[PDB]
Amino acid sequence: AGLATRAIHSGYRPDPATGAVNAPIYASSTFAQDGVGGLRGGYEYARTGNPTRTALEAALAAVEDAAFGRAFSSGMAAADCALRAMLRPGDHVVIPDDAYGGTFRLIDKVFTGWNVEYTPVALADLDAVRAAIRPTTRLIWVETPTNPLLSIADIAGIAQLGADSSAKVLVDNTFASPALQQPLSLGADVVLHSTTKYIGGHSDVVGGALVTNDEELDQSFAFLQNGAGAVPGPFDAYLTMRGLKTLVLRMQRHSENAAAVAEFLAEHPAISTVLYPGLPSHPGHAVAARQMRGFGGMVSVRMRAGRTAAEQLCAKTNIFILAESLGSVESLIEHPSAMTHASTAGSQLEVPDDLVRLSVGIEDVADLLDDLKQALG
Amino acid sequence: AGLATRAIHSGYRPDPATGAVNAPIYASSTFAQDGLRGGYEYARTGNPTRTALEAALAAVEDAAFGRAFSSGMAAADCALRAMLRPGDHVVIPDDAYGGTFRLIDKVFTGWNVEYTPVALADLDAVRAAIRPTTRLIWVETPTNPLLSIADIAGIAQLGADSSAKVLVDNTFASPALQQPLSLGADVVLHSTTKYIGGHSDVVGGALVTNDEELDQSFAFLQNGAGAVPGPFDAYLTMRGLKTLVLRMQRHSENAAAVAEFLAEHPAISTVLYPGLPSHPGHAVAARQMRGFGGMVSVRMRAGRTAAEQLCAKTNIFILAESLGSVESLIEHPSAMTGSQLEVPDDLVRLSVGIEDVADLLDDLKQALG
Amino acid sequence: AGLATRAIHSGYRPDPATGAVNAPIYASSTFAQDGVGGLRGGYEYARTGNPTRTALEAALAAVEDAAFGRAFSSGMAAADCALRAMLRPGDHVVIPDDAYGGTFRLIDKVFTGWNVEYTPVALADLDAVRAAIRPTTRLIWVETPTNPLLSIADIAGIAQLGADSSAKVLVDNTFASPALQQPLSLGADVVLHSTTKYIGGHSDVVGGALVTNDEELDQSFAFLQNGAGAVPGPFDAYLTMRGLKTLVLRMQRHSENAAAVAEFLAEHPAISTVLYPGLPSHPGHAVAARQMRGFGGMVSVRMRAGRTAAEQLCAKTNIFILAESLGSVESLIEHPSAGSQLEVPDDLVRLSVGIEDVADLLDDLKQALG
Amino acid sequence: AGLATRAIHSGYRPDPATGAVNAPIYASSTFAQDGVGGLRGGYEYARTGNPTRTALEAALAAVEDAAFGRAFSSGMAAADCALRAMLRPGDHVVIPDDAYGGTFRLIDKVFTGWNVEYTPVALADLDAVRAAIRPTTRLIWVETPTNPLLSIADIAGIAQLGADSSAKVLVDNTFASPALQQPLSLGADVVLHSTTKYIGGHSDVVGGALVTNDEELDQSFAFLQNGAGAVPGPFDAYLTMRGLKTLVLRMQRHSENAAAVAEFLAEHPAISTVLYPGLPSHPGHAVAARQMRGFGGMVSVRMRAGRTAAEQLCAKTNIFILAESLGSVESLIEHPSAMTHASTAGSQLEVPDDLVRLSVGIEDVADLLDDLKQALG
Ligand code: NA
């Protein structure tokens with residue numbers, strides 16, 4: 001019934017033959033048959049399906065209260081699958097104006113070359129979202145909170161816009177995780193995750209997922225999962241599943257630690273602006289409160305003294321690790337403007353060069369606050 | 001210098017810090033910075049275990065560049081998307097691997113890519129299939145499951161003449177038996193799931209090239225679409241590769257013995273094996289392959305039912321999909337299938353493993369009756 | 001500084017060459033040298049030492065505030081090492097009268113055959129512990145709380161007895177974990193863990209550990225770690241480290257869930273007695289409150305209707321899994337009964353309370369009890 | 001029936017539920033039961049037994065034509081288990097005078113402290129072996145060929161001496177491997193392997209094994225495997241099984257390559273002596289030919305110019321890697337007198353300081369000979 005329970009129990013039952021309590025790691029590419037096309041348990045070739053991946057898919061679906069789940073080699077592979085399943089040449093996608101850089105790069109640098117068009121919009125403005133919808137729009141791509149500004153989109157509101165124009169709605173739920181936000185309950189057709197981030201939780205397995213309740217959509221995804229073959233290995237699928245068992249517990253601590261870090265930085269003279277969905281003054285706070293169970297582990301801040309101060313903070317932390325990625329037990333810090341591609345100018349919001357992004361981990365909060373205090377001098 | 005040596009030694013050098021003789025499994029998605037350490041920033045983009053695997057793959061094909069992927073089909077998908085756009089055309093085999101045909105015909109046609117299937121053995125027919133829009137010729141040799149042979153150097157010349165790239169799917173032969181880049185191909189593809197890994201335990205793919213711009217086009221899609229291998233799997237793939245030369249030699253010896261046994265057996269009408277002088281394309285095979293491989297396909301005298309029953313009755317050959325394993329595998333391909341040749345329903349495909357040959361021949365003799 | 005912080009950060013620092021944030025899995029049995037004996041990083045042969053095991057040993061030591069750590073293939077292999085390092089033929093060990101059955105088996109069925117003698121004692125009675133000490137006693141083996149009765153031993157008090165008689169004191173800290181109890185700070189010479197249980201946390205890696213501040217004792221352990229070779233593989237050592245990263249967080253929720261389960265069962269008429277260190281009426285509660293930061297995830301109960309009711313409860317739960325072992329995220333349940341040691345009552349059920357939603361756990365027990 | 005076939009097929013049968021062709025990696029420490037004691041497949045707790053270890057144990061036993069197999073965390077843990085199973089205080093073991101250094105160190109430095117005694121003997125001299133047997137001798141420890149000197153022992157002859165005096169006979173078959181030598185067929189009671197070496201074959205898993213036909217001895221080993229817990233992880237057990245699949249093929253090439261290296265070195269003026277069981281002049285060559293199917297991958301040589309020449313050869317090779325261990329696909333080289341412990345003096349033969357040990361791998365032979373030629377100057 002509860003999400004912590006499902007994350008542990010759903011989608012692998014102890015094996016009948018051995019009782020093994022955990023899904024085994026099936027490092028087999030192929031599966032013996034009886035008589036010919038007499039499949040055992042439906043298994044025939046690992047890319048097509050294998051038992052470890054099935055277990056992960058069932059756990060993933062369960063924690064989003066979805067009927068169907070599909071696992072991929074990365075978040076980007078899941079995104080690529082979703083785009084290729086739902087779009088064809090001549091179709092259009094509405095996307096966020098501050099999307100995840102990787103998603104933006106895949107759509108702008110790859111899919112435009114295959115005659116897909118897009119329009120970026122401020123997803124917080126429902127009138128703008130609707131206005132960006134054309135007769136060719138087949139998909140609205142929602143991410144909330146966004147990476148790195150933590151902007152908020154009203155999922156139920158956007159889902160209505162999609163229903164009214166026969167466009168599917170996909171929510172990239174990576175930052176919130178299943179633990180904090182359930183987009184299918186709010187009207188989304190499909191949820192995407194990079195399981196590399198909070199679901200795995202340990203910065204040790206790259207992976208993606210798509211979940212849906214629409215059986216025909218799940219079939220379209222399966223055709224590309226099999227056909228194009230961006231599929232996870234079984235050791236990685238096991239590590240993803242293992243991480244997922246502690247997601248609920250970890251997200252609670254992440255949120256608590258992040259709230260403390262946001263309050264500390266909000267009081268600190270080196271900081272001009274704190275971006276955290278739980279702050280009453282954060283734009284979209286009331287939307288976040290309505291659709292999220294907690295406000296997450298991500299905090300971004302803008303430095304009063306500019307790009308140099310941002311770079312200095314990133315350089316001087318000793319517990320926050322200066323590295324890309326997010327959603328790990330270990331705190332991570334980065335300066336996102338350093339990752340700017342020239343090409344995004346005009347099509348995506350400029351990430352301010354005074355901004356630092358903090359992925360607040362589950363270390364003792366006093367040590368995290370002390371690290372930031374010393375780093376800031 | 002020798003290929004067995006390179007498989008073992010090229011690519012990963014024992015580590016400076018520890019001397020570990022094998023490439024470590026870096027189960028890390030991200031890398032602390034100072035600039036980067038070692039050039040690593042985020043594992044999808046690059047990581048040390050995949051770098052090692054890519055360097056070993058490139059070394060065994062005498063290629064400057066290698067890219068590793070989550071499967072053979074992901075490597076194919078990367079190749080098609082890097083080299084084609086809407087409005088372009090690809091010449092393909094008339095008896096291509098079913099997964100490659102399915103991807104091109106069921107997915108890429110929907111993105112305004114066109115194709116023409118051709119008997120690759122007929123160079124005049126290959127040339128005639130080339131249009132002004134043809135940007136790629138897709139070569140597989142020997143083909144899966146009919147073991148037909150394509151003249152790589154002759155097709156390479158056709159590509160050069162019409163400014164079309166030539167890709168060779170070298171899965172069946174492997175780098176130990178065939179080196180398409182030395183024959184003019186622009187890119188080589190492998191399903192490393194098969195002979196490179198060798199043990200039916202890791203799904204993986206690879207693209208290797210000498211063309212730096214083309215490797216960059218591949219990298220853009222490896223990173224951007226993210227069909228990338230995990231580090232335990234890249235380790236297993238590398239591990240397998242260390243015995244490829246030695247395994248392919250025994251595969252080939254065992255296959256030859258199987259082909260001769262089955263040639264002499266009355267239950268069998270036709271034997272398809274590149275090493276038989278009567279096999280169509282044998283002379284081409286002999287010129288471009290160091291050995292004739294581990295795969296043998298046969299046609300049963302008594303038809304489909306005799307094919308089905310042979311597959312059911314072996315006790316050492318395992319009835320399963322896939323190929324290129326230490327363990328012998330057997331399948332009835334027609335049960336897995338105007339745009340491609342019809343695989344005869346009396347055909348059985350044997351992936352002959354490295355078991356003792358006398359046990360394999362005994363297993364076939366009892367199963368055939 | 002804080003324990004959750006050290007669990008994540010002490011031990012492995014991101015690699016200088018690559019910055020990898022996690023300790024790599026070094027699946028190498030050997031290491032290239034620069035000239036004969038020019039070692040790289042000290043590494044020469046995996047059984048003797050390897051980078052993934054080093055990383056795990058540093059993490060394990062850090063979380064016990066210990067100078068030295070050693071990792072083994074299982075908890076029992078750590079135990080075997082400790083016994084072999086600290087005893088010889090003719091020596092004696094004082095042991096708990098309700099020790100972990102594996103430990104008792106190893107000592108009674110193997111080490112007695114090698115002319116080591118033992119005396120079982122109620123560790124809660126310090127006079128009895130002291131009286132059990134002979135001139136040949138070299139080791140006092142403490143476990144607290146015990147498996148499965150959750151009896152408590154005063155570590156500091158036994159430490160004093162060990163000091164007074166030149167006997168070393170080992171504490172098996174598996175049930176409490178480093179997150180709840182720090183025996184080296186109370187005077188123990190050595191701490192043992194089965195990392196199979198809470199430290200790994202996910203019922204997916206078998207492993208053991210010894211930690212100490214005594215460099216000489218660590219050397220004696222190292223000699224047998226290398227020489228008898230009961231050493232973990234690197235995938236397993238990585239899984240153990242990964243688990244450790246969430247230990248503090250998990251033990252908090254284990255303790256909360258367990259307290260709720262104990263209260264529920266204490267109120268239920270099918271239950272005669274509840275064994276949980278956190279109950280004020282539990283024998284040894286005050287000692288537990290002094291030496292433990294929290295009361296753990298284990299609960300044992302005695303059934304009013306006896307052995308058959310204990311069997312039935314174990315069979316009828318759908319969230320608690322009927323299986324051996326303990327200290328996993330997933331709740332586990334078992335019927336332990338199924339002159340040298342206390343007899344475990346055949347009406348007793350042992351619950352390893354996991355981290356699932358507490359309302360689901362209480363509902364599972366309610367339905368199973370009928 | 002043939003050994004290559006058994007190595008691939010014996011032990012693990014493709015799974016009934018899924019048909020997986022390979023033994024799955026069961027990363028579970030525990031197994032669900034049906035009602036209390038209703039075990040599934042006999043599994044209860046992983047240290048006691050687990051499906052991946054079972055599969056390995058079955059494969060190991062099959063390749064030695066043995067009824068019983070037991071897998072350990074290392075060769076040394078297998079040795080420890082054998083000694084503890086078969087000896088008690090007051091008992092005695094006859095050992096080689098030139099044993100593997102690890103085996104000797106365990107017996108001399110650990111077991112002597114537990115009141116076990118030993119006598120080292122030239123195993124090639126059956127009279128001497130017999131004379132070393134006392135009323136308290138419970139075990140004769142045979143290693144052939146020995147590490148590093150490649151001396152040969154007559155297994156059948158020594159088995160007879162053990163039968164005559166009711167002492168068990170153990171053969172450490174690590175260097176020959178099951179592909180080249182089958183000691184149970186020659187009368188041994190137990191065979192030990194470090195599977196770290198040729199069976200794994202890839203210098204990537206540490207492991208050990210004991211195999212026997214005596215059910216009571218296998219029970220005594222199980223008691224200590226379970227009780228003292230020196231047991232392999234499932235990943236490592238899987239890698240050991242994977243390596244075993246190619247053992248027969250590898251050992252053939254190792255033997256071919258080694259013979260070529262021994263011939264090259266025998267003709268080279270910098271080399272005084274070549275130690276290889278296949279040379280007709282090697283002491284014990286006729287015994288080796290009688291009991292071994294091939295002469296193995298190890299070659300040791302003595303350098304005419306002494307210790308410094310031995311050190312130089314080891315430092316100057318670029319294909320042979322200067323590292324410990326042996327039995328890998330990659331060639332390895334070492335100077336064993338640097339690895340020996342001084343306190344063996346008087347109880348073991350001295351390994352001459354002019355000796356180089358070569359573990360000849362499966363690289364191309366021409367490259368291996370070129371490497372030795374350049375390194376020797
Ligand atoms: Na795989």
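Residues numbered from 1 in each chain as written, not as in the entry; some residues may be left out. Chains lettered and ligands numbered in written order. Heavy atoms only, no water. Residues with missing side-chain atoms left out of burial classes, pairs and counts.

1. Regarding the pairing of strand 9 (residues 295–300) of chain B
Residue and element names in this part refer to chain B.
1) Next: Judged by how many residues are buried, strand 9 sits mostly within the fold: 5 of 6 residues are covered.
2) Next: In the sheet, strand 8 (residues 268–272) pairs with strand 9 via 4 bridges, with the strands oriented antiparallel. Looking across to strand 9, one finds that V271 is bridged to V298. (Buried < 20%, exposed > 50% of the residue type's maximum accessible area, 1.4 Å probe, protein only. Helix = DSSP H or I, 4+ residues; strand = E, 2+ residues; numbered from the N terminus. Pairing = 2+ DSSP bridges.)

2. Considerations on helix 4 (residues 101–110) of chain A
Residues lying three or four places apart along an α-helix face the same way, a consequence of the helix completing one turn every 3.6 residues.
1) Next: Looking at helix 4 of chain A, one finds that the buried residues are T103, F104, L106, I107, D108 and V110 of chain A.
2) Next: Buried positions along helix 4 of chain A lie against helix 3 (75–86), strand 2 (92–96), strand 3 (117–121) and strand 4 (137–143) of chain A together with helix 3 (72–83) and helix 7 (212–225) of chain B. (Contact = heavy atoms within 4.5 Å.)

3. Observations regarding the sheet that holds strand 3 (residues 117–121) of chain C
All names here are of chain C.
1) Next: In spatial order, the strands read 1-7-6-5-4-2-3; together these 7 strands make up an open sheet with mixed pairing. At either margin of the open sheet sits one strand with a lone partner, and together these are strand 1 (68–72) and strand 3. Each neighbouring strand pair of the sheet contributes to a mean axis angle of 20°, computed without reference to strand direction.
2) Next: Here strand 1 pairs with strand 7 (residues 208–212) via 5 bridges, running antiparallel. Note that in strand 7 the partner of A71 across the bridge is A209.
3) Next: Here helix 2 (residues 51–63) sits on the sheet and contacts strand 1 and strand 7; the angle it forms with strand 1, its principal contact strand, is near 125°.
4) Next: This element, helix 7 (residues 215–228), spans strand 1, strand 6 (190–194) and strand 7 of the sheet and lies at about 20° to strand 1. (Axes fitted to C-alpha atoms, helices over the stretch in contact; angles between N-to-C directions.)

4. Points about the interface of chain D and chain A
1) Next: On the side of chain A, 23 residues touch chain D, which itself brings 23 residues to the contact.
2) Next: In this assembly, chain D packs against chain A so that about 1,800 Å² is buried in total across both faces, 61% of it on carbon and sulfur atoms.
3) Next: The largest contributions to the chain D side of the interface with chain A come from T18, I25 and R40 of chain D, which together make up 28% of the buried area.
4) Next: Where chain D meets chain A, there are 0 salt bridges.
5) Next: In this assembly, chain D and chain A are joined by 17 residue pairs in polar contact. (Buried area = accessible area lost by both parts, 1.4 Å probe. Salt bridge = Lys/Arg side-chain N within 4 Å of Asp/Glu carboxyl O. Polar contact = N/O pair within 3.5 Å; in protein donor to acceptor, adjacent residues only side chain to side chain.)

5. Considering the packing of aromatic side chains
1) Next: Following the criterion strictly, the structure yields 18 aromatic pairs over all chains and no others.
2) Next: Each ring, one from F235 of chain A and one from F232 of chain B, has its centre 5.1 Å from the other, and the planes form 5°; the classification is stacked. Taken together, the residues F235 of chain A in helix 8 (residues 234–244) and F232 of chain B in helix 8 (residues 231–241) connect one chain to another. Here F235 of chain A matches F232 of chain B in class, with each residue buried. (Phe/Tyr/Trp six-rings, centres within 6.5 Å; stacked < 30°, edge-to-face > 60°.)

6. Focus: the relation of the copies chain D and chain A
1) Next: With an axial shift of 0.0 Å and an RMSD of 0.2 Å, the rotation relating chain D to chain A amounts to 180°. Seen this way, the second copy is the image of the first under a two-fold rotation axis. Taking the C-alpha atom as reference, chain D places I25 of chain D closest to the rotation axis, 2.5 Å from it.
2) Next: Interface overlap between copies: 100% of the residues of chain D at the interface are likewise at the interface in chain A, consistent with a symmetric, same-surface contact. (Least-squares fit on C-alpha atoms.)

7. Quick notes on the domain arrangement of chain B
All names here are of chain B.
1) Next: Here chain B is described as being made up of domain 1 (1–244) and domain 2 (245–369).
2) Next: Measuring from the centre of the C-alpha atoms in domain 1 to the corresponding centre in domain 2 gives 26 Å.
3) Next: Taken residue by residue, the interface counts 40 residues in domain 1 and 39 residues in domain 2.
4) Next: Mapped by element, the contributors of at least two residues to the side of domain 1 that touches domain 2 are helix 1 (3–9), strand 2 (89–93), strand 3 (114–118) and helix 8.
5) Next: Residue composition of the side of domain 1 that touches domain 2, grouped by class: 24 nonpolar, 12 polar and 4 charged. (Domains from an automatic or database assignment. Nonpolar A, V, L, I, M, F, W, Y, C, P; charged D, E, K, R; others polar.)

8. So, the domain arrangement of chain A
Residue and element names in this part refer to chain A.
1) Next: Splitting chain A by domain gives domain 1 (1–247) and domain 2 (248–377).
2) Next: Each of domain 1 and domain 2 has a C-alpha centre, and the two are 26 Å apart.
3) Next: Contacts between the two partners involve 41 residues from domain 1, matched on the other side by 42 residues from domain 2.
4) Next: Broken down by secondary-structure element, the contributors of at least two residues to the side of domain 1 that touches domain 2 are helix 1 (3–9), strand 2, helix 4, strand 3 and helix 8.

9. A look at the sheet that holds strand 12 (residues 348–352) of chain C
Residue and element names in this part refer to chain C.
1) Next: What the 5 strands build is an open sheet, ordered 8-9-12-11-10; its pairing is mixed. Both outer strands of the open sheet, strand 8 (271–275) and strand 10 (321–322), are each paired with one neighbouring strand and no more.
2) Next: Pairing of strand 8 with strand 9 (residues 298–303) involves 4 bridges; the strand directions are antiparallel. Bridged to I271 within strand 9 is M303.

10. Quick notes on the interface of chain D and chain C
Bring the parts together and some accessible area is lost; that lost area is often taken as the interface size.
1) Next: Contacts between chain D and chain C engage 60 residues on the former and 56 residues on the latter.
2) Next: Those elements giving two or more residues to the side of chain D that touches chain C turn out to be helix 3 (75–86), helix 4 (101–110), helix 7 (215–228), helix 8 (234–244), helix 11 (307–316) and strand 10 (321–322) of chain D.
3) Next: The greatest single-element share of the side of chain D that touches chain C, amounting to 5 residues, is contributed by helix 7 of chain D.
4) Next: In terms of residue class, the side of chain D that touches chain C is built from 31 nonpolar, 17 polar and 12 charged.

11. Regarding the side chain of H265 of chain B
1) Next: Position of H265 of chain B relative to the elements: it lies in the loop between helix 9 (244–263) and strand 8.
2) Next: With residues near it in sequence (within four places) discarded, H265 of chain B still touches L368 and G369 of chain B.

12. Here we look at the packing of helix 3 of chain A against helix 7 (residues 215–228) of chain A
Residues and elements named next belong to chain A.
1) Next: One way to put it is that helix 3 packs onto helix 7 with a least axis distance of 9 Å and a crossing angle of 120°. On the basis of the axis angle, helix 3 is oblique to helix 7. Seen along the crossing, helix 3 lies across helix 7 with a hand that is right-handed. Listed contacts from helix 7 to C81, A82, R84, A85 and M86 of helix 3 are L217, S220, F221, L224 and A228. (Parallel < 35°, antiparallel > 145°, perpendicular 65-115°, else oblique. Left-handed = near helix turned anticlockwise from the far one by under 90°.)

13. Things to note about the state of the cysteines
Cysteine pairs can be covalently joined through their sulfur atoms, and such a bond is termed a disulfide.
1) Next: Overall, the coordinates contain 0 disulfides over all chains when judged by the stated rule.
2) Next: With no disulfide of its own, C78 of chain B has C81 of chain A as its nearest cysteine by sulfur position, at a separation of 16 Å.
3) Next: Overall, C78 of chain B belongs to the buried group, its relative accessible area being 4%. (Disulfide = S-S within 2.5 Å.)

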